[PDB]
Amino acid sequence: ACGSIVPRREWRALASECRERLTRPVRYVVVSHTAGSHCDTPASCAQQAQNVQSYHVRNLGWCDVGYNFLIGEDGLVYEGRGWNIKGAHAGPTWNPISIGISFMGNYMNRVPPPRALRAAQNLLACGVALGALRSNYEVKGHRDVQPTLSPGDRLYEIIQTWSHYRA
């Protein structure tokens, strides 16, 4: 088990119905925030991934949670659509050429804790390590590719300092 990713079944996900595959290795990573509630325990962040997926599935009518992975302030990564299934998180130009990771919260006036950030970068290395990502992958913030405040001012200024970030 590559990163220490919480599997779909462990956060009680509805089964996915998405079919569209991403072509590896993938070039881009897009970092979003959920603009949802935050959580900082495994129990609270499992519920929160449930809740986000529930909105996407029941309400937006999507095949699964839109993000490939979610990050909790518990410092764990929650399997969304995964490495191999095209996401619904950054519009039609970016969904097919990226992995979308989303921090569970609103980081406009808040920073995610260092454990959340470590879990994100550990996830990405793990992606390289598996061949899901390019070794020279490029990180975009959600607002760099779509009109939105996502991932929040505070979170966005941090991912700007990441070695793989490209505006």
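The first residue of the sequence shown is number 1, and the count goes up from there.
*asked:* Going by the mean C-alpha B-factor recorded in the entry, which is higher: 60 to 68 or 103 to 111?
replied: Taking the mean C-alpha B-factor of 60 to 68 and of 103 to 111, the larger value falls to 103 to 111.
*Using the B-factors recorded in the PDB entry, average over the C-alpha atoms of 134 to 142 and of 51 to 59, then report which stretch comes out higher.*
Averaging CA B-factors over each stretch, the winner is 134 to 142.
*Grab the CA temperature factor for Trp83 from the record and place it in the lowest, middle or highest third of its chain.*
Middle third.
*asked:* Please place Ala119 in the lowest, middle or highest third of its chain according to the CA B-factor in the PDB entry.
replied: Ranked within chain, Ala119 CA B lands in the lowest tercile.
_Test of reading the entry: by CA B factor among the chain's modelled residues, which third contains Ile5?_
Answer is middle: the recorded C-alpha B-factor places it there.
*Lowest, middle or highest third: where is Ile97 by Cα B-factor in its chain?*
It belongs to the highest third of the chain when residues are ordered by C-alpha B-factor.
*Comparing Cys39 with the other modelled residues of its chain, is its CA B-factor in the lowest, middle or highest third?*
Middle third by C-alpha B-factor.
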